[PDB]
Amino acid sequence: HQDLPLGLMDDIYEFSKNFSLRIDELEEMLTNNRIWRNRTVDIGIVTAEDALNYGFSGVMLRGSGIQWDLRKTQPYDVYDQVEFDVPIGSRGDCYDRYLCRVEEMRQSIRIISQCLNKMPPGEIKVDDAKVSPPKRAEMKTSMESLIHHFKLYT
Amino acid sequence: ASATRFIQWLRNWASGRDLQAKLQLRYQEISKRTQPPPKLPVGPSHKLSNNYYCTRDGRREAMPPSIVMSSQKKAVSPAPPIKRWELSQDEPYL
Amino acid sequence: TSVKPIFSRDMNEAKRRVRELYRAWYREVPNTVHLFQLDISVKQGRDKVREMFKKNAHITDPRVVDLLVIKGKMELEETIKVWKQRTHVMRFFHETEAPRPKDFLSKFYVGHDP
Amino acid sequence: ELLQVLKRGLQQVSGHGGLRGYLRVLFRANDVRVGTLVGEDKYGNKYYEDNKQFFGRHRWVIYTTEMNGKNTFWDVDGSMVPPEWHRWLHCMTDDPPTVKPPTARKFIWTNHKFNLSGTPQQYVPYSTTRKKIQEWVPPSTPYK
Amino acid sequence: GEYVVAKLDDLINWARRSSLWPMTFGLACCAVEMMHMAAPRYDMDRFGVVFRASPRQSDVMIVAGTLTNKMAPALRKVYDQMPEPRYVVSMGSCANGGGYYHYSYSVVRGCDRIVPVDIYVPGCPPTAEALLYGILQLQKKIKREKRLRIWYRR
Amino acid sequence: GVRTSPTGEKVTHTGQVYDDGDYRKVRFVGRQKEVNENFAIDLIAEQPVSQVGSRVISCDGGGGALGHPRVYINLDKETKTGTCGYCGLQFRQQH
Amino acid sequence: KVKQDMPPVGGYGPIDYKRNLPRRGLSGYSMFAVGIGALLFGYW
Amino acid sequence: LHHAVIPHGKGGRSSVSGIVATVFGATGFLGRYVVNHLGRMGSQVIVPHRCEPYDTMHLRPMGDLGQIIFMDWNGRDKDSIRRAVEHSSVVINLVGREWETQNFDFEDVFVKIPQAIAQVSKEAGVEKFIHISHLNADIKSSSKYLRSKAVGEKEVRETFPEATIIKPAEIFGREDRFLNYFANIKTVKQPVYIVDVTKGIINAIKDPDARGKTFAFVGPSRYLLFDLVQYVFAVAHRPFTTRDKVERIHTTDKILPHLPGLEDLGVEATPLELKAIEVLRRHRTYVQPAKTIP
Amino acid sequence: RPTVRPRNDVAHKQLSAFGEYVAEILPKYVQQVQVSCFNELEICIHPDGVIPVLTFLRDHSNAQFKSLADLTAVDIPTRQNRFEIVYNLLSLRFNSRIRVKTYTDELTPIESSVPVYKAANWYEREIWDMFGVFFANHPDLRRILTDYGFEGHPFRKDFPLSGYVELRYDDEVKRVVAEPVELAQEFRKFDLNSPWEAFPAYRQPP
Amino acid sequence: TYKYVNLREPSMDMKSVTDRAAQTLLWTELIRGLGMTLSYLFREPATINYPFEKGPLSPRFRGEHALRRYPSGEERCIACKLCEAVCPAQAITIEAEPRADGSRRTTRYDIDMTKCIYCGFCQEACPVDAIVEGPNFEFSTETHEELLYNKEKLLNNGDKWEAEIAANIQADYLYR
Ligand SMILES: CCCCCCCCCCCCCCCCCC(=O)OC[C@H](COP(=O)(O)OCCN)OC(=O)CCCCCCCCCCCCCCCCC
Ligand SMILES: NC(=O)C1=CN([C@@H]2O[C@H](COP(=O)(O)OP(=O)(O)OC[C@H]3O[C@@H](n4cnc5c(N)ncnc54)[C@H](OP(=O)(O)O)[C@@H]3O)[C@@H](O)[C@H]2O)C=CC1
Ligand code: SF4
Ligand code: SF4
Ligand code: SF4
Ligand SMILES: [Zn+2]
């Protein structure tokens, strides 16, 4: 809808710089806690073949060893231009899916770091006013723009 | 950021981390809440000539489906078989 | 005019499923009244069951009859397993609706609808 | 350092004008921090800042004790902040209305009102359109 | 005597508004903003509003989200189980009047068709702060009560 | 231009007011009828007519992109002013 | 001149993401030794 | 008809019934049923209340947005009564108390207050007035509650001659003090169901022939008090107050054939046998009907 | 061209070849095969072929569509068979998607596909609930999304948006009751279609 | 590219087995978790002192609606009904007619704030900046009826909040 306000990426960088430490603290509370493991390890085991036939997707597949992530196999937008790893489970239980989700949080930071560095210039919506409304300054001076703004919003 | 040296040492030791370098509370490093005005760029269609809509009209290039068989040789798969994923070299194991 | 059936090939077999459904509903009413602590009688509940069955007495299509029995069996499963609550069972009786006028004159006085 | 910590705690008692002023803010606002006075609005609300606090606690307001004839010593409301200070207090801007005043318009309210729900000043909705169909008025004279 | 009754009314009003234990009906997205009100930045517990309470120990019900037809009897059952005095806070457009789903076949057009409502919090969702404003508005409403004064003029 | 009816109720800028026998004014008992006192019709009538030296003048409402769509107003008729259809400001040709 | 939100020239500094759970403490041998030493001192 | 009170819709919650009703004493037993039936059909209900707003909350869901309006009033302040009724087409008086208090005796609640509402309503041009009295109201009763009812019934009739006066027998229902009264423990009783009384009041508002009439609302059957109380214990599975309240319970329900009843208003009286369980189920600790006098 | 979506002829050709492949192998059931301009392959089948066609796509070594992404229905009242049943399948082995469509009416049952994909169990329950299409041999067919005792199938085009009944709490009966729907503000129908044709490429013969 | 989150073999030397026995019997990893909550006890909390302190917001924030004016005091709204048309919730109701001076103005402008989803589409669609979502978010009410805004309420919101609304628009209009 709009471009990023000036100064936002600086604050996203500042947030991202410290976030992996927050993930580490979460891991200190759960990852090796025997109570957490007793609650999660070997709970809800799903086999690879059951997962596919029941229609599972996402971590419900990767927890069971299936190597599938649509951002890699059927990429959209600019996901083919970023580098990241897909976490894969080995036991297909609640504990491995917990680990997958924690590791996916780390890989999201890795991607966010690349988006911040590679953000290009230019417009932020398709320059086709039969689809995307024109800028407000254009809508208030140019006749074609006003018509297209009127019709897009009615 | 106002914690005493002893309290900073105590919580660093208990956590096993240099907490003071990555405080979860923001101070002056954030960007100012008043910013200079932007001047945003325009798109590729902002031209005064050589810019007829019929040459850049995506919606009018859409076509009805191609009918390959209607009720009125080597075997093939829908696409080539997917390629094996490579183990990460950044960090293959946790 | 040749069609794939649901459960019944003709009205004769459809009517057999209808009667079995009615027997199940008839025998279930006493449990429903007690389980849901309803404030109606068993006679009132069984009268409603007859009323619901009778309103479809005019169907001559075994496929429509089959779907009516399927839906009636679904409605019974919800009641027997207590998936319904008191509010769901009691909705059959419309005890907060004022009786709408029936004759021409009464309808003429209140508004424009037929 | 524990002596410096205790000295600073004592400096808050004097920073608030003595024990009474320290206790008043402690009980009105549950906060005894001393900031820099940024300004005061016509209703008596006072605005403070301390940029050494973390983002979010670096600006605050001590509400007036009376606003539009309502005793607000204990009953403070977030809607008592007038619009010109509202922008500063929520960090939508960096500059307070004492530095960058709002543009004056004749029609802008001279007196801010807080939330009036539950009182005799509450808004009551109603249709703003006039009657649509005019009925025939029979003659006042008799003639059947 | 009127001075004693006025003070007794003030005492019980102060205790009841200083100790509001909510039962949250987290039905949809508005529940997330309720979570952010319990989170560290706003810390509802610092006002004496405990994070979570069982229905039999709760003083205020917060309807945080869309109330469908299927759900309505369950919500009314929980309201009838709350010990008195009990208050209801309707949070967000869905609970206030149906919101985005006002015209759906499966949605109650406002929870106030099912339970009496004390405070309406607008927004889709209301911000965590806006909900906190509503809770503090409920407290001021309780501060206005004159139960003992009205009792002794009976 | 808030005028009040014989029953004491304020008349809004849209001309609305409950009449004498209308039960609906019970909603205001113990409360108030919210009325905006700044009648835009009376406020625009205060602005002066702008004297210009052209047959055609444009109005964007002021403030550039913060105003209204820019329109051009003909000032050929000398028996009336040119009024902006968006903001109501008036113009007249000099001499 | 166009002005929109952009990264600084040269990009941002490195951001950490890999798990960092450091190793701490003594070996199992030393921990049992301190425990058993404490028991023997207490018994004595 | 003023254009705003012409009925519209199908008689549901969002419809316009055309009734603008002020209901005094709406926060008690009978009040909640009357307000519910008015709001069911889209009537504008004005609720003057003496109690805390907290005690009026159960009435809010009973009407579409805007249709239930609440006002403060005082029984001894005629200015507050005038504020409540001056916009209404009908005034309903349900004020009463089963016991006397230091501030309000039976003369205040059954004579002075009803007279004040009737007079102020008359002055304000209200066209319909419904006043609830009592079947056993009697100037020479041994119960001061029933003596005051008879005096007030007379004062209302002269002050508002077109008033509809309704005289119900003891009313039973979930929130009654009749069946519940026995459950918490010579004379014949004819108790009437709460919903029948409400339907009668609503029909009286809509019936033009009801103006100026006095009605007696009684149940279909008469019972011996002993047999009735026995029946209540059996239904509750229970093994078988003030002095004034005992007097009323021991007053035989009068037979008044010269007054119209529920039948004249289109209401079919509901037997006590169909509704006792609904009221008395909460008294069970987890049935042969009573003998009826013919 | 910056604003136009680029075509992909390689994928279009591959999907066209596989579409013929399927039509040759299951001529008993396949009625139509088409590939859209954005490269999605659709196999239209006779409803008798649901189980055979799905089993072949799941199990054939040159197909291996092991994942049922979604199963839904579309109501088109102008058709004699108003309900279009759509299966969207995913093949991880070949990184491809395919769509299988069939049809039924209000009274003709469709064979349940739970034997092929266990995912179908809840999807078919939702279709029955929302469109009233009956699935034969379903392990447990019953409503899933609507309230208990709800009458009608809301997602049919002729079912009104706000339905026929609405709920409220009634104090007299001390429970939630259902009543005919009345709306304080009626939903305002908008006539938005431009009377001028937008897409000549899709013009129908007059 | 992928990695394994849990594919490891514990060492079975005596030193490793004795390490794990000590962890089992001395609760070492549980004691480690205690250390982390202890470190938080001595950290400064994140809580702000509401309502004396407020959470930060931006000029784009979508709050309570208001109807705006031109500097002359004339209403900006010219009853075009684009806002009504675009509203995803059908929360806007508009009637209009020629004003006594011939101006194209509304006679009704209602927003049901309990239908509204606070999406901001109305202020995007408005060609004259007449309808905006303001910065106010503290307007909860005690009754449902108080949230059915008519034109008088919305004009009063515009006059009440214009000082802040205009400044916020000044900060963000070059992004629109
Ligand atoms: C010279 C000869 C002398 C002879 C004597 C020598 C004896 C010394 C050697 C033996 C020492 C034994 C220590 C006894 C402590 C209990 C040991 C124990 O049972 O821990 C194991 C227990 C279960 O282990 P688990 O991993 O869950 O499963 C194993 C089964 N397959 O796991 C647990 O119980 C974990 C506890 C769960 C609760 C966690 C909450 C507590 C964490 C904080 C603890 C703080 C320390 C307590 C201090 C108390 C101070 C009063
Ligand atoms: N229920 C019965 O068995 C029968 C009842 N009636 C009559 O029906 C009417 C209502 O019956 P019921 O509803 O059972 O009575 P309730 O006591 O249940 O309700 C009494 C109503 O009167 C109001 N009220 C009482 N005293 C005052 C007062 N001093 N000033 C203002 N309001 C007051 C109460 O308001 P608050 O809640 O504020 O106290 C309440 O709304 C009464 O007139 C009663 O005599 C007649 C025959 C039988
Ligand atoms: S009001 Fe908005 S945020 Fe809240 S539940 Fe409804 S849609 Fe979600
Ligand atoms: S914010 Fe969205 S839902 Fe609300 S009035 Fe504007 S367009 Fe409608
Ligand atoms: S507020 Fe704006 S969009 Fe809505 S009717 Fe007025 S001018 Fe048109
Ligand atoms: Zn203009």
# chains A, B, ... in the order shown; residues from 1 in each chain; ligands from 1
>>> residues_around(residues="residue 4 in chain F", least_positions_apart="2", cutoff="12 Å", atoms="only C-alpha atoms", output="list in words")
residues 1, 2, 6, 7, 8, 9, 10, 11, 12, 13, 15, 16, 17, 18, 19, 33 and 35 of chain F
>>> residues_around(residues="residue 158 in chain J", least_positions_apart="2", cutoff="8 Å", atoms="only C-alpha atoms", output="PDB file with N, CA and C atoms, in the first residue's frame")
ATOM      1  N   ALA J  66     -12.938  10.960  11.956  1.00  0.00           N
ATOM      2  CA  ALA J  66     -13.314  12.360  12.063  1.00  0.00           C
ATOM      3  C   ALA J  66     -13.559  12.912  10.665  1.00  0.00           C
ATOM      4  N   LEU J  67     -14.431  13.911  10.579  1.00  0.00           N
ATOM      5  CA  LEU J  67     -14.701  14.623   9.335  1.00  0.00           C
ATOM      6  C   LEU J  67     -14.020  15.984   9.378  1.00  0.00           C
ATOM      7  N   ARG J  68     -13.330  16.339   8.303  1.00  0.00           N
ATOM      8  CA  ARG J  68     -12.427  17.479   8.290  1.00  0.00           C
ATOM      9  C   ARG J  68     -13.004  18.642   7.492  1.00  0.00           C
ATOM     10  N   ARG J  69     -12.352  19.792   7.632  1.00  0.00           N
ATOM     11  CA  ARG J  69     -12.756  21.029   6.985  1.00  0.00           C
ATOM     12  C   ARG J  69     -11.597  21.600   6.183  1.00  0.00           C
ATOM     13  N   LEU J 154     -19.208  13.157  14.127  1.00  0.00           N
ATOM     14  CA  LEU J 154     -17.986  13.054  13.340  1.00  0.00           C
ATOM     15  C   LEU J 154     -17.402  14.425  13.032  1.00  0.00           C
ATOM     16  N   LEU J 155     -18.250  15.424  12.787  1.00  0.00           N
ATOM     17  CA  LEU J 155     -17.756  16.792  12.652  1.00  0.00           C
ATOM     18  C   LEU J 155     -17.124  17.277  13.950  1.00  0.00           C
ATOM     19  N   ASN J 156     -17.746  16.965  15.087  1.00  0.00           N
ATOM     20  CA  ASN J 156     -17.179  17.356  16.370  1.00  0.00           C
ATOM     21  C   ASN J 156     -15.840  16.681  16.615  1.00  0.00           C
ATOM     22  N   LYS J 160     -12.485  18.664  17.210  1.00  0.00           N
ATOM     23  CA  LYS J 160     -11.759  18.340  18.432  1.00  0.00           C
ATOM     24  C   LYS J 160     -10.304  17.981  18.151  1.00  0.00           C
ATOM     25  N   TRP J 161     -10.042  17.252  17.071  1.00  0.00           N
ATOM     26  CA  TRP J 161      -8.749  16.624  16.847  1.00  0.00           C
ATOM     27  C   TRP J 161      -7.957  17.227  15.696  1.00  0.00           C
ATOM     28  N   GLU J 162      -8.457  18.276  15.044  1.00  0.00           N
ATOM     29  CA  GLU J 162      -7.839  18.731  13.802  1.00  0.00           C
ATOM     30  C   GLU J 162      -6.378  19.119  14.006  1.00  0.00           C
TER      31      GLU J 162
END
>>> residues_near_ligand(ligand="ligand 5", cutoff="6 Å", atoms="only C-alpha atoms and all ligand atoms", output="PyMOL selection string")
chain J and resi 77-83+125-128+130-131
>>> write_last_selection(atoms="N, CA and C atoms", output="CSV table (one decimal), in the first residue's frame")
chain,number,residue,atom,x,y,z
J,77,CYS,N,-16.0,17.3,2.8
J,77,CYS,CA,-16.8,16.2,2.2
J,77,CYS,C,-17.8,16.8,1.2
J,78,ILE,N,-17.8,16.2,0.0
J,78,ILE,CA,-18.7,16.6,-1.1
J,78,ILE,C,-19.6,15.5,-1.5
J,79,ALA,N,-19.9,14.5,-0.6
J,79,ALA,CA,-20.9,13.5,-0.7
J,79,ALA,C,-20.7,12.7,-2.0
J,80,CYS,N,-19.4,12.4,-2.3
J,80,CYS,CA,-19.1,11.6,-3.5
J,80,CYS,C,-19.5,10.1,-3.3
J,81,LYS,N,-19.5,9.6,-2.0
J,81,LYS,CA,-19.8,8.2,-1.7
J,81,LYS,C,-18.8,7.2,-2.1
J,82,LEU,N,-17.6,7.7,-2.3
J,82,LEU,CA,-16.5,6.7,-2.6
J,82,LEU,C,-16.2,5.9,-1.3
J,83,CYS,N,-16.1,6.6,-0.2
J,83,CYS,CA,-15.9,5.9,1.1
J,83,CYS,C,-16.9,4.9,1.4
J,125,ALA,N,-9.8,6.2,-0.1
J,125,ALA,CA,-10.6,6.5,-1.2
J,125,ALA,C,-11.1,7.9,-1.3
J,126,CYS,N,-11.1,8.7,-0.2
J,126,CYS,CA,-11.6,10.0,-0.2
J,126,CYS,C,-10.7,10.9,-1.1
J,127,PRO,N,-11.3,11.6,-2.1
J,127,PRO,CA,-10.5,12.4,-2.9
J,127,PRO,C,-10.2,13.8,-2.4
J,128,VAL,N,-10.7,14.1,-1.2
J,128,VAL,CA,-10.6,15.5,-0.7
J,128,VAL,C,-10.1,15.5,0.8
J,130,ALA,N,-11.5,14.3,3.4
J,130,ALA,CA,-12.6,14.7,4.2
J,130,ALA,C,-12.7,13.8,5.4
J,131,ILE,N,-12.7,12.5,5.2
J,131,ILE,CA,-12.8,11.4,6.2
J,131,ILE,C,-11.4,10.9,6.5
>>> select_by_dssp(residues="chain A", states="alpha helix (DSSP H)", output="number ranges by chain")
A: 8-30, 34-40, 48-53, 59-62, 70-73, 94-118, 136-139, 143-152
>>> residues_near_ligand(ligand="ligand 1", cutoff="10 Å", atoms="only C-alpha atoms and all ligand atoms", output="PyMOL selection string")
(chain A and resi 33-35+37-38) or (chain G and resi 32-33+35-40+43) or (chain J and resi 20-34)
>>> write_last_selection(atoms="N, CA and C atoms", output="compact mmCIF listing (two decimals), in the first residue's frame")
# COMPACT_ATOMS: atom_id res chain seq x y z
N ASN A 33 15.90 -28.87 29.04
CA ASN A 33 15.12 -29.15 30.23
C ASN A 33 14.53 -30.55 30.15
N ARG A 34 14.81 -31.37 31.16
CA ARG A 34 14.31 -32.74 31.14
C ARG A 34 12.79 -32.78 31.24
N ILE A 35 12.19 -31.84 31.97
CA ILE A 35 10.74 -31.79 32.04
C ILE A 35 10.16 -31.46 30.67
N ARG A 37 11.57 -32.06 27.76
CA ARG A 37 11.77 -33.21 26.89
C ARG A 37 10.82 -34.35 27.24
N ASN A 38 10.59 -34.59 28.53
CA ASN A 38 9.64 -35.62 28.92
C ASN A 38 8.25 -35.31 28.40
N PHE G 32 30.79 -35.16 41.33
CA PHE G 32 30.64 -36.24 42.30
C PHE G 32 31.70 -36.15 43.38
N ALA G 33 32.92 -35.75 43.01
CA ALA G 33 33.99 -35.65 44.00
C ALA G 33 33.67 -34.60 45.06
N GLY G 35 30.63 -33.55 45.85
CA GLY G 35 29.52 -34.08 46.62
C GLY G 35 29.97 -35.10 47.65
N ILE G 36 30.80 -36.05 47.23
CA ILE G 36 31.26 -37.08 48.16
C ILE G 36 32.16 -36.47 49.22
N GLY G 37 33.00 -35.51 48.84
CA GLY G 37 33.80 -34.82 49.83
C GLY G 37 32.95 -34.11 50.87
N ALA G 38 31.86 -33.48 50.43
CA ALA G 38 30.96 -32.83 51.37
C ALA G 38 30.32 -33.84 52.31
N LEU G 39 29.92 -35.00 51.80
CA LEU G 39 29.32 -36.02 52.65
C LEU G 39 30.29 -36.49 53.71
N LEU G 40 31.54 -36.76 53.32
CA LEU G 40 32.51 -37.28 54.27
C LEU G 40 32.87 -36.26 55.33
N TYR G 43 29.79 -36.32 57.64
CA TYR G 43 29.78 -37.51 58.48
C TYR G 43 30.79 -37.37 59.60
N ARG J 20 26.66 -37.49 32.01
CA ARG J 20 25.21 -37.55 31.91
C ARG J 20 24.59 -38.08 33.19
N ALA J 21 25.27 -38.99 33.88
CA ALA J 21 24.77 -39.45 35.17
C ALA J 21 24.71 -38.31 36.17
N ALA J 22 25.76 -37.48 36.21
CA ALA J 22 25.77 -36.35 37.13
C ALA J 22 24.67 -35.36 36.79
N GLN J 23 24.43 -35.12 35.50
CA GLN J 23 23.32 -34.27 35.12
C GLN J 23 21.99 -34.85 35.59
N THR J 24 21.85 -36.17 35.51
CA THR J 24 20.63 -36.82 35.97
C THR J 24 20.46 -36.70 37.48
N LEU J 25 21.52 -36.94 38.25
CA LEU J 25 21.40 -37.04 39.69
C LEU J 25 21.61 -35.71 40.41
N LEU J 26 22.32 -34.77 39.80
CA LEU J 26 22.56 -33.47 40.41
C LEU J 26 21.72 -32.36 39.78
N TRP J 27 20.93 -32.67 38.76
CA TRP J 27 19.95 -31.73 38.21
C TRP J 27 20.64 -30.50 37.62
N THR J 28 21.79 -30.70 36.99
CA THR J 28 22.62 -29.56 36.60
C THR J 28 21.93 -28.68 35.56
N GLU J 29 21.25 -29.28 34.59
CA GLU J 29 20.61 -28.45 33.57
C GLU J 29 19.35 -27.77 34.10
N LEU J 30 18.71 -28.36 35.11
CA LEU J 30 17.64 -27.65 35.80
C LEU J 30 18.18 -26.46 36.57
N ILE J 31 19.31 -26.63 37.25
CA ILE J 31 19.94 -25.52 37.96
C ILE J 31 20.34 -24.42 36.99
N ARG J 32 20.73 -24.79 35.77
CA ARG J 32 21.08 -23.79 34.77
C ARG J 32 19.87 -22.95 34.39
N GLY J 33 18.70 -23.57 34.24
CA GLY J 33 17.51 -22.81 33.94
C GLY J 33 17.13 -21.85 35.05
N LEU J 34 17.37 -22.25 36.30
CA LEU J 34 17.16 -21.33 37.42
C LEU J 34 18.02 -20.10 37.27
>>> atom_distance(atom1="CA of residue 20 in chain A", atom2="CA of residue 21 in chain G")
11.1 Å
>>> residues_around(residues="range 133-141 of chain I", least_positions_apart="4", cutoff="9 Å", atoms="only C-alpha atoms", output="CSV table (one decimal) with N, CA and C atoms, in the first residue's frame")
chain,number,residue,atom,x,y,z
C,6,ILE,N,-29.0,-43.3,-3.9
C,6,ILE,CA,-28.3,-43.0,-2.7
C,6,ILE,C,-28.2,-44.3,-1.9
C,67,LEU,N,-32.2,-38.7,1.3
C,67,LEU,CA,-31.5,-37.6,2.0
C,67,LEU,C,-32.2,-37.2,3.2
C,74,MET,N,-28.6,-38.0,11.1
C,74,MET,CA,-27.6,-37.0,11.6
C,74,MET,C,-28.2,-36.3,12.8
I,73,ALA,N,-15.9,-27.4,-3.3
I,73,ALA,CA,-17.0,-27.5,-4.3
I,73,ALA,C,-17.3,-26.0,-4.7
I,83,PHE,N,-23.1,-28.5,-8.9
I,83,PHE,CA,-21.9,-28.6,-8.0
I,83,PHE,C,-20.7,-29.1,-8.8
I,104,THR,N,-21.6,-33.0,-9.7
I,104,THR,CA,-22.8,-33.7,-9.2
I,104,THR,C,-23.9,-32.7,-9.0
I,105,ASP,N,-25.1,-33.3,-8.7
I,105,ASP,CA,-26.3,-32.4,-8.4
I,105,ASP,C,-26.7,-32.7,-6.9
I,106,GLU,N,-27.8,-32.1,-6.6
I,106,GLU,CA,-28.3,-32.1,-5.2
I,106,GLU,C,-28.6,-33.6,-4.7
I,107,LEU,N,-28.9,-34.5,-5.7
I,107,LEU,CA,-29.4,-35.8,-5.3
I,107,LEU,C,-28.4,-36.9,-5.7
I,108,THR,N,-27.4,-36.7,-6.5
I,108,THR,CA,-26.5,-37.8,-6.9
I,108,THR,C,-25.3,-37.8,-6.0
I,109,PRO,N,-25.0,-39.0,-5.3
I,109,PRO,CA,-23.9,-39.1,-4.4
I,109,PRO,C,-22.5,-39.2,-5.2
I,110,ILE,N,-21.5,-38.7,-4.6
I,110,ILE,CA,-20.1,-38.8,-5.1
I,110,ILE,C,-19.4,-39.8,-4.2
I,111,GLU,N,-18.5,-40.7,-4.8
I,111,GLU,CA,-17.8,-41.6,-4.0
I,111,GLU,C,-16.8,-40.9,-3.1
I,112,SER,N,-16.8,-41.2,-1.8
I,112,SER,CA,-15.8,-40.6,-0.9
I,112,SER,C,-14.4,-41.1,-1.3
I,113,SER,N,-13.5,-40.1,-1.2
I,113,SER,CA,-12.1,-40.4,-1.6
I,113,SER,C,-11.2,-40.6,-0.3
I,114,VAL,N,-11.8,-40.8,0.8
I,114,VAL,CA,-11.0,-41.1,2.0
I,114,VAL,C,-10.1,-42.3,1.8
I,121,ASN,N,-11.2,-36.7,4.6
I,121,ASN,CA,-12.2,-37.0,5.5
I,121,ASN,C,-13.0,-35.7,5.9
I,122,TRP,N,-12.2,-34.7,6.4
I,122,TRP,CA,-12.8,-33.4,6.9
I,122,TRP,C,-13.2,-32.6,5.7
I,124,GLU,N,-14.5,-33.5,2.8
I,124,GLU,CA,-15.8,-33.9,2.4
I,124,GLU,C,-16.9,-33.6,3.4
I,125,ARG,N,-16.6,-33.7,4.7
I,125,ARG,CA,-17.6,-33.3,5.6
I,125,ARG,C,-17.9,-31.8,5.5
I,127,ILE,N,-17.8,-30.1,2.6
I,127,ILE,CA,-18.6,-29.9,1.4
I,127,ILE,C,-20.0,-30.3,1.7
I,128,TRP,N,-20.2,-31.4,2.4
I,128,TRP,CA,-21.6,-31.8,2.7
I,128,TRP,C,-22.3,-30.7,3.6
I,129,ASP,N,-21.6,-30.2,4.5
I,129,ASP,CA,-22.1,-29.1,5.4
I,129,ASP,C,-22.5,-27.9,4.6
>>> residues_near_ligand(ligand="ligand 2", cutoff="8 Å", atoms="only C-alpha atoms and all ligand atoms", output="PyMOL selection string")
(chain E and resi 154) or (chain H and resi 24-31+49-52+55+73-76+93-98+103-104+108-110+113+131-135+149+167-172+176-178)
>>> residues_near_ligand(ligand="ligand 3", cutoff="7 Å", atoms="only C-alpha atoms and all ligand atoms", output="ChimeraX atom specification")
/E:27-30,64-66,92-95,99-100,123-125 /J:117
>>> interface_residues(of="chain B", to="chain I", cutoff="6 Å", atoms="only C-alpha atoms", output="JSON, numbers by chain")
{"B": [58, 63, 65, 66, 67, 68, 69, 70, 71, 76, 77, 78, 79, 80, 81, 82]}
>>> closest_residue(among="E:9, E:45, E:112, E:33", to="chain H", atoms="only C-alpha atoms")
E:112
>>> interface_residues(of="chain C", to="chain H", cutoff="12 Å", atoms="only C-alpha atoms", output="MDAnalysis selection string")
chainID C and resid 37:41 44 95:101 107 109:114
>>> write_last_selection(atoms="C-alpha atoms", output="mmCIF file, in the first residue's frame")
data_model
loop_
_atom_site.group_PDB
_atom_site.id
_atom_site.type_symbol
_atom_site.label_atom_id
_atom_site.label_comp_id
_atom_site.auth_asym_id
_atom_site.auth_seq_id
_atom_site.Cartn_x
_atom_site.Cartn_y
_atom_site.Cartn_z
ATOM 1 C CA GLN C 37 -34.023 -31.978 31.696
ATOM 2 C CA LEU C 38 -36.620 -30.612 29.312
ATOM 3 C CA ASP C 39 -39.852 -29.083 30.580
ATOM 4 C CA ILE C 40 -42.045 -30.780 27.973
ATOM 5 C CA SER C 41 -43.703 -34.173 28.200
ATOM 6 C CA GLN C 44 -45.182 -33.494 23.421
ATOM 7 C CA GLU C 95 -41.741 -20.938 22.354
ATOM 8 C CA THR C 96 -40.658 -17.307 21.954
ATOM 9 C CA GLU C 97 -42.422 -16.794 18.610
ATOM 10 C CA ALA C 98 -45.809 -15.131 18.728
ATOM 11 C CA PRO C 99 -48.266 -17.077 16.546
ATOM 12 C CA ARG C 100 -48.284 -15.389 13.169
ATOM 13 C CA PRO C 101 -51.733 -14.552 11.755
ATOM 14 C CA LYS C 107 -52.655 -10.568 7.795
ATOM 15 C CA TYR C 109 -54.310 -5.590 9.451
ATOM 16 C CA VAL C 110 -50.636 -6.092 10.296
ATOM 17 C CA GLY C 111 -48.831 -5.495 7.004
ATOM 18 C CA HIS C 112 -48.308 -6.204 3.334
ATOM 19 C CA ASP C 113 -46.967 -9.758 3.273
ATOM 20 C CA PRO C 114 -49.106 -12.649 1.944
#
